[PDB]
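Q: data09.pdb is the file, holding PDB, N, CA and C atoms:
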ATOM      1  N   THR G   1       1.696  17.853   5.934  1.00  0.00           N
ATOM      2  CA  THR G   1       1.188  16.485   5.674  1.00  0.00           C
ATOM      3  C   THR G   1       2.119  15.763   4.720  1.00  0.00           C
ATOM      4  N   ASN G   2       1.907  14.457   4.503  1.00  0.00           N
ATOM      5  CA  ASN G   2       2.776  13.682   3.623  1.00  0.00           C
ATOM      6  C   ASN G   2       1.988  13.143   2.426  1.00  0.00           C
ATOM      7  N   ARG G   3       2.302  13.582   1.218  1.00  0.00           N
ATOM      8  CA  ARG G   3       1.690  13.181   0.024  1.00  0.00           C
ATOM      9  C   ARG G   3       2.102  11.774  -0.400  1.00  0.00           C
ATOM     10  N   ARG G   4       1.278  10.801  -0.036  1.00  0.00           N
ATOM     11  CA  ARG G   4       1.516   9.383  -0.360  1.00  0.00           C
ATOM     12  C   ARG G   4       1.479   9.119  -1.869  1.00  0.00           C
ATOM     13  N   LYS G   5       1.061  10.109  -2.645  1.00  0.00           N
ATOM     14  CA  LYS G   5       0.995   9.982  -4.098  1.00  0.00           C
ATOM     15  C   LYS G   5       2.369  10.003  -4.763  1.00  0.00           C
ATOM     16  N   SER G   6       3.427   9.803  -3.986  1.00  0.00           N
ATOM     17  CA  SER G   6       4.805   9.755  -4.490  1.00  0.00           C
ATOM     18  C   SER G   6       4.977   8.662  -5.538  1.00  0.00           C
ATOM     19  N   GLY G   7       4.208   7.591  -5.384  1.00  0.00           N
ATOM     20  CA  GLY G   7       4.094   6.579  -6.431  1.00  0.00           C
ATOM     21  C   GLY G   7       4.506   5.132  -6.228  1.00  0.00           C
ATOM     22  N   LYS G   8       5.412   4.828  -5.305  1.00  0.00           N
ATOM     23  CA  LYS G   8       5.766   3.412  -5.051  1.00  0.00           C
ATOM     24  C   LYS G   8       4.570   2.713  -4.411  1.00  0.00           C
ATOM     25  N   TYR G   9       3.733   3.555  -3.842  1.00  0.00           N
ATOM     26  CA  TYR G   9       2.613   3.214  -2.989  1.00  0.00           C
ATOM     27  C   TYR G   9       1.568   2.305  -3.604  1.00  0.00           C
ATOM     28  N   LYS G  10       1.392   2.334  -4.922  1.00  0.00           N
ATOM     29  CA  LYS G  10       0.485   1.404  -5.563  1.00  0.00           C
ATOM     30  C   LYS G  10       0.815  -0.026  -5.176  1.00  0.00           C
ATOM     31  N   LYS G  11       2.097  -0.368  -5.173  1.00  0.00           N
ATOM     32  CA  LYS G  11       2.519  -1.660  -4.648  1.00  0.00           C
ATOM     33  C   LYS G  11       2.705  -1.593  -3.136  1.00  0.00           C
ATOM     34  N   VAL G  12       3.570  -0.698  -2.681  1.00  0.00           N
ATOM     35  CA  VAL G  12       3.991  -0.653  -1.272  1.00  0.00           C
ATOM     36  C   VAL G  12       2.861  -0.504  -0.253  1.00  0.00           C
ATOM     37  N   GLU G  13       2.093   0.566  -0.351  1.00  0.00           N
ATOM     38  CA  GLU G  13       1.103   0.879   0.666  1.00  0.00           C
ATOM     39  C   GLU G  13      -0.020  -0.136   0.688  1.00  0.00           C
ATOM     40  N   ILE G  14      -0.474  -0.532  -0.491  1.00  0.00           N
ATOM     41  CA  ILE G  14      -1.566  -1.496  -0.597  1.00  0.00           C
ATOM     42  C   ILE G  14      -1.101  -2.830  -0.027  1.00  0.00           C
ATOM     43  N   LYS G  15       0.161  -3.162  -0.260  1.00  0.00           N
ATOM     44  CA  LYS G  15       0.687  -4.442   0.216  1.00  0.00           C
ATOM     45  C   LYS G  15       0.762  -4.453   1.720  1.00  0.00           C
ATOM     46  N   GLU G  16       1.375  -3.469   2.339  1.00  0.00           N
ATOM     47  CA  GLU G  16       1.534  -3.560   3.784  1.00  0.00           C
ATOM     48  C   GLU G  16       0.260  -3.285   4.571  1.00  0.00           C
ATOM     49  N   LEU G  17      -0.622  -2.454   4.038  1.00  0.00           N
ATOM     50  CA  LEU G  17      -1.866  -2.147   4.719  1.00  0.00           C
ATOM     51  C   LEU G  17      -2.771  -3.376   4.736  1.00  0.00           C
ATOM     52  N   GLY G  18      -2.657  -4.211   3.709  1.00  0.00           N
ATOM     53  CA  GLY G  18      -3.527  -5.369   3.594  1.00  0.00           C
ATOM     54  C   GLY G  18      -2.922  -6.761   3.575  1.00  0.00           C
ATOM     55  N   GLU G  19      -1.800  -6.989   2.907  1.00  0.00           N
ATOM     56  CA  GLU G  19      -1.348  -8.369   2.661  1.00  0.00           C
ATOM     57  C   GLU G  19      -0.832  -9.042   3.914  1.00  0.00           C
ATOM     58  N   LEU G  20      -0.440  -8.243   4.897  1.00  0.00           N
ATOM     59  CA  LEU G  20       0.002  -8.798   6.161  1.00  0.00           C
ATOM     60  C   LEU G  20      -1.163  -9.502   6.874  1.00  0.00           C
ATOM     61  N   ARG G  21      -2.396  -9.104   6.559  1.00  0.00           N
ATOM     62  CA  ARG G  21      -3.596  -9.715   7.160  1.00  0.00           C
ATOM     63  C   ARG G  21      -4.519 -10.530   6.245  1.00  0.00           C
ATOM     64  N   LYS G  22      -4.722 -10.098   5.005  1.00  0.00           N
ATOM     65  CA  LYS G  22      -5.600 -10.806   4.065  1.00  0.00           C
ATOM     66  C   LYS G  22      -4.832 -11.148   2.803  1.00  0.00           C
ATOM     67  N   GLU G  23      -5.464 -11.884   1.909  1.00  0.00           N
ATOM     68  CA  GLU G  23      -4.859 -12.213   0.626  1.00  0.00           C
ATOM     69  C   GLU G  23      -4.551 -10.962  -0.190  1.00  0.00           C
ATOM     70  N   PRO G  24      -3.390 -10.943  -0.874  1.00  0.00           N
ATOM     71  CA  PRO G  24      -3.150  -9.834  -1.798  1.00  0.00           C
ATOM     72  C   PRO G  24      -3.929 -10.054  -3.095  1.00  0.00           C
ATOM     73  N   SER G  25      -4.760 -11.091  -3.115  1.00  0.00           N
ATOM     74  CA  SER G  25      -5.546 -11.415  -4.264  1.00  0.00           C
ATOM     75  C   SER G  25      -6.696 -10.451  -4.346  1.00  0.00           C
ATOM     76  N   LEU G  26      -7.104 -10.318  -5.577  1.00  0.00           N
ATOM     77  CA  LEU G  26      -8.256  -9.527  -5.988  1.00  0.00           C
ATOM     78  C   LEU G  26      -9.415 -10.515  -6.028  1.00  0.00           C
TER      79      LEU G  26
END
Render the structure in this file as structure tokens.
A:
Amino acid sequence: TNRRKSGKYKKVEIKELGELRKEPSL
């Protein structure tokens, strides 16, 4: 498996999983 906890992911993964479709706003 791939451990996404590598760390860039706080920005990277959250951004691409969501900002392409909804606001990156909280």
Q: Based on the backbone DSSP call, show me all residues of chain G assigned helix (DSSP H, G or I), as a PyMOL selection string.
A: chain G and resi 4-6+9-19
Q: Just how far from atom C of residue 1 of chain G is atom C of residue 25 of chain G, in Å to one decimal?
A: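 Those two atoms sit 29.1 Å apart.
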Q: Find the distance between atom N of residue 10 of chain G and atom CA of residue 24 of chain G and write it in Å to one decimal.
A: 13.4 Å
Q: Just the number, please: distance in Å from atom C of residue 19 of chain G to atom C of residue 6 of chain G, one decimal.
A: 20.9 Å
